[PDB]
Amino acid sequence: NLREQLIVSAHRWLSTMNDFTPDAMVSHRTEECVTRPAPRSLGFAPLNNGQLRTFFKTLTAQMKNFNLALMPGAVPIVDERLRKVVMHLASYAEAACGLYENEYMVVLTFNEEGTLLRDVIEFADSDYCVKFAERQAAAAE
Amino acid sequence: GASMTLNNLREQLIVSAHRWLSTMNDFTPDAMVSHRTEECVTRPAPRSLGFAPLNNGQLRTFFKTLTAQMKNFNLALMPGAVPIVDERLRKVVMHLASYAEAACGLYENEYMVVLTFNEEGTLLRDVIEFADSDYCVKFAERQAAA
C-alpha cells in the first residue's frame with residue numbers, strides 16, 4: 001500500500017536526521033535529490049546530496065543532541081499521487097551559545113515507489129533563524 | 001443515471017482550495033471568510049509569533065482592518081508550487097506568496113498553508129497559516145515607523 005510506504009519512508013527520514021551523522025542524514029535519497037530551505041527571505045540556496053553532506057559535516061561538529069519530532073497533534077499528510085508527505089515538526093539542539101529550538105513545515109517528495117527521498121522543502125521559523133545568527137555573532141566577539 | 005458505475009474527491013479538494021485562493025484575492029472581509037464551517041478557525045504559525053487562532057467572527061474583524069490598510073492584494077501559489085492533496089484527511093497544503101501595497105511600502109510574504117475541509121470537501125474547517133516570521137516581525141517594525 002502506497003500510503004503506508006510513504007509514511008514509513010517519512011518516519012525513516014526523520015530517523016536519519018536524528019542519527020545526526022553526515023552519512024546518515026543524506027541516506028535513502030535519490031541521486032538527484034534536492035533539499036530546499038525556506039522561506040526565501042533566509043537566502044539559503046538549495047543543496048544536492050554532496051552540498052548537503054558537506055554542510056552537515058560542519059553542522060554536526062557545531063551542534064549536539066539534535067532531535068526532530070512531530071509537533072503535538074501533528075500527523076503525516078500524504079499525497080499518494082504526488083508521493084509527497086507534509087509534516088509539522090519541532091527541532092531541538094545544543095549549541096555553543098546555548099539551546100536551539102525551532103519549528104518547521106516540511107514537504108518530503110519521494111520517488112514513485114515511495115522508498116527514496118528526492119526533494120525536501122524545509123520551511124523554518126525564520127525569525128528564530130535570524131535570532132540564532134545574532135546569538136552566534138554575539139559569541140564571535 | 002443512478003445505475004451507472006463510477007471509475008473524484010481529489011479534484012473536489014483542489015477546486016475548493018482554488019476557491020479559497022480566489023475569494024482571498026477578492027479581498028473583501030466577506031469573501032475572505034466565505035465557505036467555512038461554523039467552527040472553522042485560522043491558526044497562525046509558527047508558535048513564536050504568539051498569535052492564538054481566530055474564529056470566523058474574529059477573522060472577519062481582522063480582515064476589515066487589513067482590507068482598509070492594503071491595496072492590490074494578491075495571494076498565489078509560489079513559482080512552480082502546486083497543491084498537495086491528502087484525500088483521506090481532506091487536507092490541501094499550499095506553498096504561497098502574498099503581495100500587497102501598504103503605507104510603508106510593499107508587503108511581500110511567504111507561507112505554507114494547510115487547509116482542512118469537511119468530509120464532503122466543500123467547506124473549509126481549519127487553516128494553519130505558517131508564515132515567514134522574520135518578515136512578519138520586520139513588517140510590524142516598518143509599519144510602526146510609519
Side-chain angles (χ1 to χ4, degrees), chain A residues 4-40 42-78 83-111 113-140, chain B residues 45-48 112 130 132-134:
Chain A
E4 297 171 78
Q5 177 63 259
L6 291 167
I7 290 175
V8 163
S9 304
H11 285 294
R12 192 177 71 236
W13 172 79
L14 264 179
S15 182
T16 65
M17 294 300 293
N18 287 323
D19 294 333
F20 208 52
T21 71
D23 290 334
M25 297 164 90
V26 304
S27 68
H28 303 286
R29 297 176 183 240
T30 66
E31 187 165 314
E32 78 303 333
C33 178
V34 183
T35 296
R36 309 170 180 277
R40 199 225 190 290
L42 287 174
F44 303 155
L47 307 97
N48 66 29
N49 291 340
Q51 295 159 342
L52 189 61
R53 189 184 185 280
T54 296
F55 172 77
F56 284 157
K57 283 179 88 181
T58 299
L59 185 67
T60 61
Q62 305 187 342
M63 308 267 242
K64 313 133 280 161
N65 298 327
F66 177 86
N67 187 70
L68 206 56
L70 280 163
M71 287 283 280
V75 300
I77 299 166
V78 182
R83 276 73 169 172
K84 288 179 190 283
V85 180
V86 181
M87 295 186 285
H88 189 198
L89 309 168
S91 70
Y92 165 92
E94 287 144 16
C97 54
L99 302 181
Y100 187 99
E101 306 166 84
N102 217 354
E103 186 186 333
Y104 313 78
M105 203 64 74
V106 166
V107 181
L108 305 179
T109 306
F110 295 88
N111 60 359
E113 197 167 310
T115 51
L116 292 172
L117 183 70
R118 71 179 188 79
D119 194 86
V120 183
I121 298 173
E122 169 188 331
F123 196 125
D125 171 349
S126 51
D127 177 59
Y128 190 89
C129 297
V130 169
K131 284 177 162 50
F132 189 71
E134 286 172 8
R135 287 211 271 148
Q136 283 175 315
Chain B
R47 286 203 195 167
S48 68
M112 197 69 65
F130 196 112
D132 180 342
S133 48
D134 177 55

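We name chains A, B, ... by the order of the sequence lines, and we start the count at 1 in each one. All values below were derived from every heavy atom in this structure, side-chain atoms included, with hydrogens, water molecules and symmetry-related copies excluded.
- Counting heavy atoms from C-beta on, the side chains of A:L89 and A:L70 come closer than 4.5 Å.
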### Task
Decide side chain to side chain contact (heavy atoms under 4.5 Å, CB included) for A:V86 and A:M105; before the verdict, give the C-alpha distance in whole Å, the side-chain angles of both, and the deciding distance to 0.1 Å.
CA-CA 7 Å; A:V86 181; A:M105 203 64 74; 4.2 Å; yes
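- Shown here is A:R12, whose CZ atom has more than 12 heavy atoms of other residues, nucleotides or ligands within 6.0 Å.
- A side-chain donor-acceptor contact under 3.5 Å links A:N48 to the backbone of A:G50.
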### Task
Tell me, with the steps shown, if A:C129 and B:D134 meet side chain to side chain contact (heavy atoms under 4.5 Å, CB included).
CA-CA 8 Å; A:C129 297; B:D134 177 55; over 6 Å; no
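- For A:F110 against A:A10, the heavy-atom pair with the smallest separation is CZ-N, 3.8 Å.
- Taken to the nearest 0.5 Å, the CG atom of A:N67 stands 9.0 Å off from the CG atom of A:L14.
- Residues A:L99 and A:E94 have side chains in contact (heavy-atom distance under 4.5 Å, counting atoms from C-beta outward).
- Counting non-hydrogen atoms of other residues, nucleotides and ligands closer than 6.0 Å to NZ of A:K57 gives a total of 12 or fewer.
- One finds the OG1 atom of A:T21 at 8.0 Å from the CZ atom of A:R53 (value rounded to the nearest 0.5 Å).
- The shortest heavy-atom contact between A:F66 and A:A93 is CA-CB, 4.0 Å.
- With rounding to the nearest 0.5 angstrom, the CD atom of A:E32 is 9.5 Å from the CG atom of A:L116.
- In this structure a side-chain-to-backbone donor-acceptor pair under 3.5 Å is missing from A:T35 to A:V120.
- Side-chain contact, A:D125 with B:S48: a donor N or O sits under 3.5 Å from an acceptor N or O.
- Closest approach of A:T115 to A:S9, counting heavy atoms only: CA-OG, 3.8 Å.
- At a threshold of 4.5 Å between non-hydrogen side-chain atoms, the residues A:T60 and A:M25 count as touching.
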#### Entry: Intermediate values then yes/no, side chain to side chain contact (heavy atoms under 4.5 Å, CB included), A:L59 and A:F20
CA-CA 9 Å; A:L59 185 67; A:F20 208 52; 4.1 Å; yes
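- A donor-acceptor distance shorter than 3.5 angstrom exists from the side chain of A:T16 to the backbone of A:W13, with no hydrogens or angles considered.
- By the 4.5 Å heavy-atom criterion applied to side chains, A:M17 and A:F56 are counted as neighbours.
- A donor-acceptor distance shorter than 3.5 angstrom exists from the side chain of A:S126 to the backbone of B:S133, with no hydrogens or angles considered.
- When side chains are defined from C-beta on, A:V106 does not count as touching A:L68, because their heavy atoms never get closer than 4.5 Å.
- Between A:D119 and A:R83 the shortest side-chain heavy-atom distance does not fall below 4.5 Å.
- Between A:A95 and A:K64, the shortest heavy-atom contact is O-NZ, 4.0 Å.
- Note that OG1 of A:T109 and CZ of A:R118 are 5.5 Å apart. Values are rounded to the nearest 0.5 Å.
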#### Entry: Stepwise side chain to side chain contact (heavy atoms under 4.5 Å, CB included) test for A:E113 and A:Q5
CA-CA 8 Å; A:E113 197 167 310; A:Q5 177 63 259; 5.9 Å; no
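- Here the straight-line distance linking atom SG of A:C33 with atom CG of A:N49 works out to 5.0 Å at 0.5 Å rounding.
- Annotation: ring-ring contact (aromatic ring centres under 6.0 Å, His included) contacts involving residues 114-133 of chain A, sequence neighbours excluded, comprise A:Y100-A:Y128, A:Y100-A:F132, A:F123-B:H95, A:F123-B:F130.
- More than 12 heavy-atom neighbours from other residues, nucleotides or ligands sit within 6.0 angstrom of CZ on A:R135.
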